[PDB]
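First the proteins, then the strands, lettered A, B, ... as listed; each starts at 1.
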Amino acid sequence: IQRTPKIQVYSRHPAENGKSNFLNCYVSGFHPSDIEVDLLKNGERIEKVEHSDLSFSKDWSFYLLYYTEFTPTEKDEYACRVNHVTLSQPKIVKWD
Amino acid sequence: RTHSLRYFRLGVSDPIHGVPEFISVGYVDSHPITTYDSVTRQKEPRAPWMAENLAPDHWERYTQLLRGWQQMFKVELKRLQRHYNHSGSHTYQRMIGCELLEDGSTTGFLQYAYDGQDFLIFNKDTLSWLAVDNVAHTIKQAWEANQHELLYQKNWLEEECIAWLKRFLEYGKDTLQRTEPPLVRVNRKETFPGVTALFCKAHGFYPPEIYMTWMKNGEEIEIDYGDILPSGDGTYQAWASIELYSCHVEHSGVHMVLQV
Ligand SMILES: CC(=O)/C=N/c1c(NC[C@H](O)[C@H](O)[C@H](O)CO)[nH]c(=O)[nH]c1=O
């Protein structure tokens, strides 16, 4: 039994354009452990991306946090691209 | 305040490129405290208050124990795969731990999973193992035949685990025993024509344990809940939505009401 990751994309603080913030991608509830996660700015991979180590839930699934410092704009599009054995192709989840 | 100490072990057979065949991580509540894997083969702190209060001999001794626990997990996952007649990559997991409750009472648990599913659950009050199937029942019969190891495990869960947790709570008090109250706001908005959505949003709070609920004229009641998410700065965020209304928020002994 394989569990597909839950992908949540949200900012550290209530967002406002022109003010510095942190974009988070929280990937959880997945099984097995192998996963690939990237943050994207207008379709391209963000280089300076920090993350937590793989983490363990009591239900035996895994979770991780990927984040980056960013200044949101009205024109800029941000997303989180995730890949796992349950996915045929990498899933791109947009920051809403 | 309630606190818990947990240690996880993850074993992966035939791992694909970039996956350790063994990982072991310790936590105090939701904070990582220790790490080990089959690639580094080193036991390391994962919190600065752990690095600062434990002498280098701690990590040297646990490096050796973890190297042995790694070998043990490898061999148990092979016996399991042979019992199920499985080939390919499979996972084996362990979770051990204890809780210090707010009334001073305690809990303890020791569980095993095979391919991310419940497999064996220890009962320290009867010193017995609860098996999910025939394979686990075969394993349980072997494990239950060693009475001294069952007694050891009970002692470890009830005394040793609580003693470590108390030590770590003291080491990391400025982190673990702190409280960052929530920033809570209620937002109203007409969504679908004739439909009004009430959103109660909390952020910047620590610890992550919070109670959020919508009341109608002071009494109970279809609510949507948002997960308690880490904000990345050590604090957390959550929400609850509905369609006289009031949001009730309880965090670290403080009750908060936001009337609409
Ligand atoms: C103190 C430290 O640096 C790390 N200790 C670890 C640990 N110790 C707890 C028990 O002593 C142990 O489970 C024993 O097997 C219970 O019977 N358990 C782990 O799984 N991984 C660890 O990294």
Scan side-chain atoms only and decide if [X] and [Y] contain a donor-acceptor pair under the 3.5 Å cut-off.
{"X": "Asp29(B)", "Y": "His3(B)", "value": "yes"}
{"X": "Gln8(A)", "Y": "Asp227(B)", "value": "yes"}
{"X": "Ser252(B)", "Y": "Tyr206(B)", "value": "no"}
{"X": "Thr107(B)", "Y": "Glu99(B)", "value": "yes"}
{"X": "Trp60(A)", "Y": "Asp115(B)", "value": "no"}
{"X": "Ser231(B)", "Y": "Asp233(B)", "value": "no"}
{"X": "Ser87(B)", "Y": "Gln81(B)", "value": "no"}
{"X": "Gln93(B)", "Y": "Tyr112(B)", "value": "no"}

Centres of the [X] and [Y] rings: under 6.0 Å?
{"X": "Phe73(B)", "Y": "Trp69(B)", "answer": "no"}
{"X": "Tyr114(B)", "Y": "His90(B)", "answer": "yes"}
{"X": "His248(B)", "Y": "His255(B)", "answer": "yes"}
{"X": "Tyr10(A)", "Y": "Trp95(A)", "answer": "no"}
{"X": "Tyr152(B)", "Y": "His148(B)", "answer": "no"}

| message | Would you say that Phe22(A) contacts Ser11(A) through its side chain, given a criterion of any heavy-atom pair below 4.5 Å between the two side chains? | response | no
| query | Are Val9(A) and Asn24(A) close enough that some pair of their side-chain heavy atoms sits under 4.5 Å apart? | reply |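 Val9(A) vs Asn24(A): side chains apart.
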Once you round to the nearest 0.5 Å, how far does [atom1] of [X] lie from [atom2] of [Y]?
{"X": "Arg188(B)", "Y": "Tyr245(B)", "atom1": "CZ", "atom2": "OH", "value": "10.5 Å"}
{"X": "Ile223(B)", "Y": "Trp214(B)", "atom1": "CD1", "atom2": "CH2", "value": "9.5 Å"}
{"X": "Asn187(B)", "Y": "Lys201(B)", "atom1": "CG", "atom2": "NZ", "value": "7.5 Å"}
{"X": "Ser246(B)", "Y": "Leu258(B)", "atom1": "OG", "atom2": "CG", "value": "8.5 Å"}
{"X": "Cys80(A)", "Y": "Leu23(A)", "atom1": "SG", "atom2": "CG", "value": "8.0 Å"}

| query | In chain order, what residues pass the side-chain contact (heavy atoms from CB on, under 4.5 Å) check against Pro32(B), with sequence neighbours excluded? | reply | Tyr27(B), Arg46(B)
| task | Would you please test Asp53(A) and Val25(B) for side-chain contact (heavy atoms from CB on, under 4.5 Å) and show each step? | result | CA-CA 10 Å; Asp53(A) 274 353; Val25(B) 176; over 6 Å; no
Determine whether more than 12 heavy atoms belonging to other residues, nucleotides or ligands lie under 6.0 Å from atom [atom1] of [X].
{"X": "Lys154(B)", "atom1": "NZ", "answer": "yes"}
{"X": "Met72(B)", "atom1": "CE", "answer": "no"}
{"X": "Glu36(A)", "atom1": "CD", "answer": "no"}

| said: Among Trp129(B), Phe119(B), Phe122(B), exactly one meets ring-ring contact (aromatic ring centres under 6.0 Å, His included) together with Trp143(B). Which residue is that? | reply: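 Only one of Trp129(B), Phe119(B), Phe122(B) forms a ring-ring contact (aromatic ring centres under 6.0 Å, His included) with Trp143(B), namely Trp129(B).
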Taking the side chain from [X] and the backbone from [Y], do they hold a donor-acceptor pair closer than 3.5 Å?
{"X": "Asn21(A)", "Y": "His13(A)", "value": "yes"}
{"X": "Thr34(B)", "Y": "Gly26(B)", "value": "yes"}
{"X": "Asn53(B)", "Y": "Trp49(B)", "value": "yes"}
{"X": "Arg67(B)", "Y": "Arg41(B)", "value": "yes"}
{"X": "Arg9(B)", "Y": "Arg94(B)", "value": "no"}

| How far apart are the C-alpha atoms of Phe8(B) and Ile96(B), what are their side-chain angles, what is the distance that settles it, and do they pass the side-chain contact (heavy atoms from CB on, under 4.5 Å) test? | CA-CA 7 Å; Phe8(B) 289 88; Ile96(B) 197 169; over 6 Å; no
At their closest point, which heavy atom of [X] faces which heavy atom of [Y], and how far apart are they?
{"X": "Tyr36(B)", "Y": "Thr63(B)", "value": "CE1-O, 4.1 Å"}
{"X": "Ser20(A)", "Y": "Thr71(A)", "value": "CA-OG1, 3.5 Å"}
{"X": "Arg178(B)", "Y": "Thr175(B)", "value": "NH1-O, 2.9 Å"}
{"X": "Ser33(A)", "Y": "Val12(B)", "value": "OG-CG2, 4.3 Å"}
{"X": "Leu54(A)", "Y": "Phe56(A)", "value": "O-CE1, 4.1 Å"}
{"X": "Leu66(B)", "Y": "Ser24(B)", "value": "CD2-CB, 3.6 Å"}

In terms of hydrophobic clustering (I, L, V, M, F, W, Y; side-chain heavy atoms under 4.5 Å; direct or indirect links), are [X] and [Y] co-clustered?
{"X": "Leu5(B)", "Y": "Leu65(B)", "answer": "yes"}
{"X": "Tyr236(B)", "Y": "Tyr225(B)", "answer": "yes"}
{"X": "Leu40(A)", "Y": "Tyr66(A)", "answer": "no"}
{"X": "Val257(B)", "Y": "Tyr211(B)", "answer": "no"}
{"X": "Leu165(B)", "Y": "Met50(B)", "answer": "yes"}

In terms of ring plane angle, is the pair [X] and [Y] parallel, tilted or perpendicular, where the classes change at 30° and 60°?
{"X": "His31(A)", "Y": "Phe62(A)", "value": "parallel"}
{"X": "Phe30(A)", "Y": "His84(A)", "value": "perpendicular"}
{"X": "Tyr84(B)", "Y": "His86(B)", "value": "parallel"}

| task | Under the side-chain contact (heavy atoms from CB on, under 4.5 Å) rule, what do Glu21(B) and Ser13(B) come out as? Steps first, then yes or no, please. | result | CA-CA 6 Å; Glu21(B) 102 172 280; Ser13(B) 64; over 6 Å; no
| Test side-chain contact (heavy atoms from CB on, under 4.5 Å) applied to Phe205(B) and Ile228(B), step by step | CA-CA 10 Å; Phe205(B) 59 88; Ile228(B) 298 165; 4.1 Å; yes
| task | Kindly indicate, with the supporting measurements, whether the criterion salt bridge (charged side-chain N to carboxylate O under 4.0 Å, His left out) is fulfilled by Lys41(A) and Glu44(A). | result | CA-CA 5 Å; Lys41(A) 180 192 188 160; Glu44(A) 275 109 288; over 6 Å; no
| task | List for me each residue that meets side chain to side chain donor-acceptor pair (under 3.5 Å) alongside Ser128(B), sequence neighbours excluded, and say none if there are none. | result |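 So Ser128(B) forms a side chain to side chain donor-acceptor pair (under 3.5 Å) with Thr126(B).
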| message | Please evaluate residues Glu76(B) and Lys74(B) with respect to the criterion salt bridge (charged side-chain N to carboxylate O under 4.0 Å, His left out), reporting the C-alpha separation (whole Å), side-chain torsions for both, the decisive distance (0.1 Å), and the verdict. | response | CA-CA 6 Å; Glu76(B) 292 181 337; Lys74(B) 177 180 187 69; over 6 Å; no
| field | Evaluation steps, salt bridge (charged side-chain N to carboxylate O under 4.0 Å, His left out), between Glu158(B) and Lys124(B) | value | CA-CA 9 Å; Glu158(B) 291 175 4; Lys124(B) 70 185 177 76; 2.8 Å; yes
